[PDB]
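Asker: piece number one of the complex, untouched:
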Amino acid sequence: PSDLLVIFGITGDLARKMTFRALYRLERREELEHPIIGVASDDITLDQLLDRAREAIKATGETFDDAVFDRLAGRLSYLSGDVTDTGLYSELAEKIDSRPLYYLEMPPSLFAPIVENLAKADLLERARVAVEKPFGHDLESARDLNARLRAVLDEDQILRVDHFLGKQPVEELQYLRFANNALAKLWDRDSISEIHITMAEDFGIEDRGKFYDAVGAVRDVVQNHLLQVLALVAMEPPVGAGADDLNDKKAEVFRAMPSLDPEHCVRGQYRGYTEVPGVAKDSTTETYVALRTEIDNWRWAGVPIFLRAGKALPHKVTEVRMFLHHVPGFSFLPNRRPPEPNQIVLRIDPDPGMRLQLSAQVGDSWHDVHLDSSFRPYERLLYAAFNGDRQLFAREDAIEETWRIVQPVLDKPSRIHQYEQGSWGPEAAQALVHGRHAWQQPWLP
C-alpha cells in the first residue's frame, strides 16, 4: 500500500462534490493514517483550502463532527502551481523513501503532462497513479492516452477510476458462482438459454449536462461498467486470488465477443433531455441503449445476451437475469412444463442478492416460487486505490477490447427513439427480443 496521498485538482468540482466528503468519512472510520498533499493552480493558503473543504463536506449533508475534521486538517498540506511547470515538481519532490498514490482529478488532457513531469523529477519509482474518468472516448483516443502513460508507468501502477465499478460485488459474485456447486453446475449453455442485463436509473441528467451530451449512455455505462459486469458473470474461474488473475479471466471473455452489430442496437433519448442545461437543442446523444451481443466460447456459444441501460426509467436497479432451458422432452404429457422456465436472477445494485425462480404444485394449482437471498462506491474505490487493491480497476487489455466491441455503434449510431420519462424506454427495444424471452419486470428490493 501507499503511505502518502497526493491529489492533483484538489480545488476542482469532483473534490468539492465527492473527494473531501470521502476523505472525511475515511477519517471518521479511522482509516486515514498518512499525510495528504493537495495540488492545484489556485493561489490560496492552506487555511483557505480548509475552509473550502469544510464547506464542501457540510454541503453534502454528511453529519459534521469538528474533532474528525480537525484530524483530517492535521494531515493536509497544500501546494500551488502550474502542472506543466517543472518548478512545481521540484517543490513536490521536497515534500516527498515515500510510496505515493497520485490521484489526478483533473482534466484528461493533463494526465499525460503530469505523469511525464512526475517521471522527469524521478517521483514515480514507488508510486501508483489513479486517473479520474474519462480515460478515452473511443478506441483510438484510449490507445493514445494509454501509450503516453505506459511510456513511464507499468500497467500495475495505473488505476483507472470509474465510480460505477465501485458498486460491483466482485468478490461476492465470484464466491456465489465458484463456491456453490448447485449454481456452478447450471452456469453454462447446457442449462442457460438466454441472458438479460438491465441497468435502470429512475432519474435524468441532474448535472454536468454539457459533459453528458458529449458522452452518452454507451460510453457512460456500457463500455466499462456493464461489460465488466457481464464478464464477471461469464468468466472462467481465476487461478488465483490476485487482481491480475481476475483480469486475465475478464479479458478472455471480451476476446470471444464479436463487435456489436449496429442494426441490433436501439438508441433512446428521454423527452425533456434537450431542455437540460448544457445540452444542445438538436442533440443526437442517447440516454438509453438496448443491444444484443454474445460470447462465442465453449461456455456461452449461441446464448443470446440482451443488454439495456438508461436514464429516467421507472426504478433504480441493475440486474442480470439468466433464463434456463425448459426440461427437454415429454410434450405429450401433462405437468412437465411450467408457463415460464426457471430463472437465476442477480441483483447487482442496490441491495445485491440472488433469486432463483422455480415452479411448484400446491393442490391442483401450479405457481411461481421465488427463492431469495442477499449477498459508498467512491470511498471504496479511493481506499482500494490507496491500498493497491486493483480488483475494481479495469486493466488496459480489457479497456481496448471493450472499445473494439462498442466502436461500430459509436461509428454508425442508429436513429434516436424518444421515450417518456418514467417509462421502460422506446418500444423498438421490445422488437430486439421478438423471437426470444420478453423483457421481464426486474426484481426490486
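Answerer: Yep, it's here. Numbering: from 1, shown residues only, chains lettered A, B, ... in the order given.
Asker: would you map the helices across the stretch 51-200 of chain A?
Answerer: With DSSP state H, counting those that start in this stretch as the criterion, the stretch 51-200 of chain A has helices at A:66-75, A:86-95, A:111-120, A:139-150, A:170-178, A:181-184.
Asker: domain ranges for chain A?
Answerer: Listed domain ranges for chain A are A:1-161+A:376-394, A:162-375+A:395-445 (source: curated CATH domains).
Asker: would TSV of those with mean neighbour count be doable?
Answerer: C-betas here are computed from N, CA, C, even on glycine. Shown next, in TSV, are those (neighbours: other Cβ atoms under 10 Å):
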stretch	mean neighbour count
domain A:1-161+A:376-394	17
domain A:162-375+A:395-445	17
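Asker: can you redo the helices of the stretch 51-200 of chain A as JSON lines with distance to residue A:395?
Answerer: Shown next, in JSON lines, are the helices of the stretch 51-200 of chain A (distance: least, Cβ to Cβ, whole Å):
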{"stretch": "helix A:66-75", "distance to residue A:395": "31"}
{"stretch": "helix A:86-95", "distance to residue A:395": "28"}
{"stretch": "helix A:111-120", "distance to residue A:395": "17"}
{"stretch": "helix A:139-150", "distance to residue A:395": "11"}
{"stretch": "helix A:170-178", "distance to residue A:395": "13"}
{"stretch": "helix A:181-184", "distance to residue A:395": "25"}
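Asker: to residue A:406, which of the ones you listed lies closest?
Answerer: helix A:139-150 (8.6 Å; Cβ to Cβ).
Asker: alpha carbons of the closest one, as PDB, please.
Answerer: C-alpha atoms of helix A:139-150 as PDB (Å, rounded to 0.1, in the frame of the first residue of the first chain):
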ATOM      1  CA  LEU A 139     -10.600   3.000 -29.200                       C
ATOM      2  CA  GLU A 140      -8.100   5.400 -30.800                       C
ATOM      3  CA  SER A 141      -8.300   8.100 -28.000                       C
ATOM      4  CA  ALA A 142      -7.900   5.400 -25.300                       C
ATOM      5  CA  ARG A 143      -4.900   3.900 -27.100                       C
ATOM      6  CA  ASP A 144      -3.200   7.300 -27.400                       C
ATOM      7  CA  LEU A 145      -3.700   8.300 -23.800                       C
ATOM      8  CA  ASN A 146      -2.500   4.900 -22.700                       C
ATOM      9  CA  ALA A 147       0.600   4.900 -24.800                       C
ATOM     10  CA  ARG A 148       1.700   8.200 -23.100                       C
ATOM     11  CA  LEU A 149       1.200   6.700 -19.600                       C
ATOM     12  CA  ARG A 150       2.800   3.400 -20.400                       C
END
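Asker: go ahead and place chain B:
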Amino acid sequence: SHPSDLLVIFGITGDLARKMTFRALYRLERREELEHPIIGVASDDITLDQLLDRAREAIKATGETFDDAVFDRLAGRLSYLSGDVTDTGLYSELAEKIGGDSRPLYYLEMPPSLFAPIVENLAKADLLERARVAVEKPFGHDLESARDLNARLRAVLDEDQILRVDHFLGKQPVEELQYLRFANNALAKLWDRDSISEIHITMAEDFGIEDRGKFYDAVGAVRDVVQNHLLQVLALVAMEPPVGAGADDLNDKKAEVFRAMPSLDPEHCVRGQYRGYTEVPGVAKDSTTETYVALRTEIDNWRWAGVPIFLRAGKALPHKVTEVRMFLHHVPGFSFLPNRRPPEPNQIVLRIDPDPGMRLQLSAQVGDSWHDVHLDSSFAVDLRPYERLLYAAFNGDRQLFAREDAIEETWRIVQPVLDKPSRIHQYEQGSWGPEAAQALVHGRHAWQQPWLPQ
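Answerer: Time to bring in chain B:
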C-alpha cells in the same frame, strides 16, 4: 376407470375404525365429499343406533370439532350388517343388500389372516366384478407371507382391484415431488451422481409406542416404516421419469429403482431400542424388537452408482420430521485457494412431513463473513393422511397404493435384516439414537440437524 359408489367396511366396530375411520368419514362429510351409502359389517350383535352412538363417541374422543348437523348427514348414509366373516350366510345377506348395479369398495379393517377368506367368500357370492378391495396394513410380515397372501387375492382379483392401505403413504407428496423434479430444469440438471455425493433419509418421531404395544413388538421399525414407506419415498426421489401419466407408469419407474438395489447387509444395519420400551404394555420384558434402525444402501444404476444412501428411522427421537437430504459434491479443485469451499457442501433438502417443502442450502459472502443461506419453499399440503387415502381408494386413484412387484422387491431388500437381525443397541428417549449409528457414516457426511417447520 370408474370410482366406487358404495363403501362397505369390514371391521367397523374395531379399534382402527374407532381411532381413525369414523373421524375420517366425518371430516369427508364436513367437506361435502361423501356422496354414497356406507355399510358397516362386524360380528357385534348391536343395533344401528348403538353403532351410531359408537361412531359419535369415537369422533368426539379424537378432539375433532363436533357439529351435529354434519354427523346427522353421516348417520343418514350408514347402515349396519352383523355376522361372522367366516360364515357363508353373511355373504348371502350382503348379496341381497348390494346389487350388480353397485360398484363397491370393500374396506377390510381386519386381521390379515382374514383377508383371503373374506375375498374368497365375496367371490363365491359373486360380489367382486365391479369392486375394489382395500386391505389395511399389515399385508405380510416378510417376503414369503406377502407372496402367499398375494397369490390368494390374485386368484380372484386383478392387481388393479387391490389397494394396500398404509397410512404413512398418505403423507407422501407424490405429485408434487414429481413436479418438482421433472418440471424444473434447475433441479433436474443436479439430480444425478455427477452432482449428488450422498443421500440421507431421516424419519423421526418424537414419541414412543403410545398404544398397541403388542402389535408393534411383533412388527418393529424395519417392517413398520422402512419396507414400504421409506423405500417408496426413496424410489420417488430416485426414479427415472415415467413415460405416461397413469399410476402404472409411475409404478413401473419405482419398481425399476428397487431392481437396481442390492439386499441389505445386516452388518451395515444398526438396530436400536429406546430405554423404557420393554415397560410398554403388551411388550415382552426380554423383547429384541427394534424401535430404531439405521442402515446403508445404494442404487446401482447409471444415475446413482456410488452414491451412498443412509437411512435412519425411529421412535422417541428429538423431533417429528421426515426428510430426504441430498449432499452435492463440493465445487471441484482449487484447494490451494481460500474462499472456494464452504465448510459444508450445497444441499438439497426435501421435507416430506410435516409441512412438506424444499430447502436449497448454499453459501454466501457478506463482508469478510461467509455463512449459510437457506432458500426455502413449501410445496404440496401439510398432512389428513387417512382421509386422503380413503378418498383416493374410493375414487380408484392408485398412486398412493404400492403395487405388487414393488412390495415383493422391497421385501427382498429388507429380508436379510429380518432373517439375521443385528444386536440391539439401547438409546435414551429424546436422543438421536444409538452411537453406533454415528459410526455408520464415519468417513462420509455426518448426520445433520433436520430442517424443521417454522
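Asker: how near is residue A:299 to chain B?
Answerer: 15 Å (Cβ to the nearest Cβ, to the nearest Å).
Asker: list the contacts for that residue?
Answerer: Counting by Cβ atoms under 8 Å, 6 or more residues apart in numbering or on different chains, residue A:299 makes contact with A:187-189, A:234, A:236.
Asker: quick check: the farthest pair among those?
Answerer: Taking Cβ to Cβ as the measure, the contacts of residue A:299 span a maximum distance of 13.6 Å, between A:189 and A:236.
Asker: check what contacts the longest helix along chain A and list those residues.
Answerer: For chain A, the helix with the greatest residue count under DSSP state H is helix A:396-411. For helix A:396-411, contacts defined as Cβ under 8 Å, 6+ apart pick out A:135-136, A:138-139, A:142-143, A:146, A:150, A:155, A:158, A:160, A:218-219, A:222-224, A:227-228, A:231, A:247, A:250-251, A:254-255, A:257-262, A:265, A:289, A:291, A:293, A:394.
Asker: ok, and of those residues, which contact chain B?
Answerer: Checking the contacts of helix A:396-411 against chain B by Cβ under 8 Å from any Cβ of the partner chain, not one of them is in range.
Asker: sticking with the residue of the stretch 301-445 of chain A found nearest chain B, tell me its helix or strand.
Answerer: Residue of the stretch 301-445 of chain A nearest chain B, by Cβ to the nearest Cβ: residue A:371 (3.7 Å). Using DSSP states H and E, residue A:371 sits in strand A:365-374.
Asker: quick revisit: ok and the longest helix of chain A relative to helix A:139-150, angle-wise?
Answerer: Orientation note: helix A:396-411 sits at an angle of 150 degrees relative to helix A:139-150 (axes from the mean of the first three to the mean of the last three Cα atoms, to 10 degrees).
Asker: could you point out the helix or strand that follows helix A:396-411?
Answerer: As assigned by DSSP H and E, the chain's next helix or strand after helix A:396-411 is strand A:416-419.
Asker: while you're at it, add chain C from this line:
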Amino acid sequence: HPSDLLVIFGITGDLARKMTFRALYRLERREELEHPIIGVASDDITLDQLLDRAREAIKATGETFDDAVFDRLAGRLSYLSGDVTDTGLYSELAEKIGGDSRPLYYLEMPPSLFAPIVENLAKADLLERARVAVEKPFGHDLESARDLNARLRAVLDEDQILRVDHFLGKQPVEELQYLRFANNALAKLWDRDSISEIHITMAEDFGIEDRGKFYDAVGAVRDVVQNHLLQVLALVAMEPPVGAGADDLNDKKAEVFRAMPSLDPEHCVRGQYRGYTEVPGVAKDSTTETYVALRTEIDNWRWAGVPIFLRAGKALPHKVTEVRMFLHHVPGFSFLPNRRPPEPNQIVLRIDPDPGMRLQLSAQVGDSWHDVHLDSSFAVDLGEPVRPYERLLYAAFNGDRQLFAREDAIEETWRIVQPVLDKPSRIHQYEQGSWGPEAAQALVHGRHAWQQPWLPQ
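Answerer: Chain C goes in next, on the same frame as the chains above:
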C-alpha cells in the same frame, strides 16, 4: 425351458422350400437337432415324397449336400396330412404328441389360418407347455394386428407367442448393447448433448425376385420399417435394461416407442423403382412403395429435439443397413480458424452385413486436414439370408425371446406408422441402382445431407 418337439404347419409351402428345409439341414449338420419333427400340410403325399421334396429344396439352395446328414434329418421327420380347419387333424396330432411333450408349433402358413390353427390346438388341449411361432405377416395395420392378437391371447400367454420376422434375425442385439453400455467413451456421447441428428439407412441392391403379388400388398413401410427398423432404432436409443432377460429388454424398447409421436405424412417420401410394375404379380397401376424416406423423433430426456431420418428401399446401389449418428460441432470460436472440420464427428453403426462401428474424426497433418476413419468389427456377419433364419428357428426352439417383438411394441409401432398407411403420399419413380427419388434429398434440406454409407471392405 426349451421345447422338445417341433411341429411345422405348412411344411410343403414356399418358405419351407426356400428356407426351412435348408435351415433344419444346417442345424442337423451342426448337431443342434435333438428332437423329432412333425411336418403338417394339406398335401396328400407320403413321408417318402416329403423327403424327396426336402432333398430337392436343400440342393436347390446351393447348400453343400451330405447324404449322411440328410439321413439323420429324415430319421427325425414324420408327416401328417389334413385340413387345418378340421378337428380330425388335431386328434391325429394328439396321438403323436405325448402328455409330457413341450412342443414348438411353427406356423409357416397363410395368416388367415393362424387363429384357426391355434384355436384348434386349444380345443384339443395341445397348448400346455407349448409355444407358437408365427411367420410374418402378423397384421397389416394397427386394427388387424390387434384383432389377430386378441384371438391368440385368448388361448396363449404373451410369452408363448413368437412373432417371426426374418429381418430381426440380423440384429446384433447383445453386441450392440455391449457396445453402448460397456464402453464409457461411447456412453458419454450417447445423448442429445452430443448427438445432433440420426440417419438410418436400409438399402438392398436387388428388386423383388419372387412373390411379387405378396410384396405388392405389403410395401416397404410394412415390410421393413414397422418392425425391423423401428426395433433397430429402439436398441440404439433405449435406456439400459435393469436385467438381462428378454422382458427387461422389451420393457426398454417399449418405453422408446411410447415417447415417439406418430409419423407426419408430409415428411414421408414414397418411391417405386422403374420396372416394378412389370414384376409378375404386381398390378400395372400399383401405387405400392418399394422405397420410403421419413422423419421421426423420440421426445424424451435423452433424445428430444434430435431429428431422426430413415430411408429404406429396394434396388438401391448397395446392400447395407446403417445407423449414422452426427455429433454437434464443438461449440464456439467461429472467429478462429482450425476449430471446425467441414463435417462434424460421426458414430456409424453398420448393422448388416458384416456388422461394425466407425468413428469419424478429423486430424491435422502438416497444413492439411482430413477425415480419419476409426473402424472396428463387432458381432458376426448375418448377411446371407439363411443365417438369420436358422438363428431365429433355433432361438424359438430354445425359448430365447430377445429377437421376437413383444405385443406392446408391436402396437406402438403400428400407431407410429399408421398415418402414412392411411394417407400415403404420391409415388416418386426412381431408377434401379440409384439412391432413390430426389424428393428424399429435400427431406433433410435444412439438416445433414444423406452421406455415402459405410460399406464392408
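Asker: back to the contacts of residue A:299, now that we've got chain C?
Answerer: Contact analysis of residue A:299 by Cβ under 8 Å, 6+ apart lists A:187-189, A:234, A:236, C:332.
Asker: and with 7 Å instead?
Answerer: Going by Cβ atoms under 7 Å, 6 or more residues apart in numbering or on different chains, residue A:299 touches A:188-189.
Asker: enumerate every residue touching the residue of the stretch 101-250 of chain A found nearest chain C.
Answerer: As assessed by Cβ to the nearest Cβ, chain C sits closest to residue A:190 within the stretch 101-250 of chain A, at 6.3 Å. Going by Cβ under 7 Å, 6+ apart, residue A:190 touches residue C:193.
Asker: cool, residue A:319 as well?
Answerer: Neighbour list for residue A:319: A:198, A:345-348, A:442-443 [criterion: Cβ under 7 Å, 6+ apart].
Asker: go again using 6 Å as the cut-off
Answerer: For residue A:319, the contact set (Cβ atoms under 6 Å, 6 or more residues apart in numbering or on different chains) comprises A:198, A:347, A:442.
Asker: is it true that the last one touches residue A:317?
Answerer: Yes: taking Cβ atoms under 6 Å as the definition, residue A:442 is a contact partner of residue A:317 at 4.9 Å.
Asker: related to what we said a few turns ago, what's the strand holding residue A:371 packed up against?
Answerer: strand A:353-362, strand B:369-378 (3 or more Cβ pairs under 6 Å, 6 or more residues apart in numbering or on different chains; DSSP states H and E).
Asker: any residue of stretch A:250-259 touching chain C?
Answerer: No: Stretch A:250-259 lies out of reach of chain C by Cβ under 6 Å from any Cβ of the partner chain, never closer than 6.7 Å.
Asker: pretty sure residue A:428 sits against residue A:266.
Answerer: Yes: between residue A:428 and residue A:266 a contact is recorded at 4.7 Å, counting by Cβ under 6 Å.
Asker: what sits closest to residue A:249 if chain neighbours are left out?
Answerer: Spatial nearest neighbour of residue A:249, chain neighbours left out: residue A:235 (4.0 Å); criterion: Cβ to Cβ, 6 or more residues apart in numbering or on different chains.
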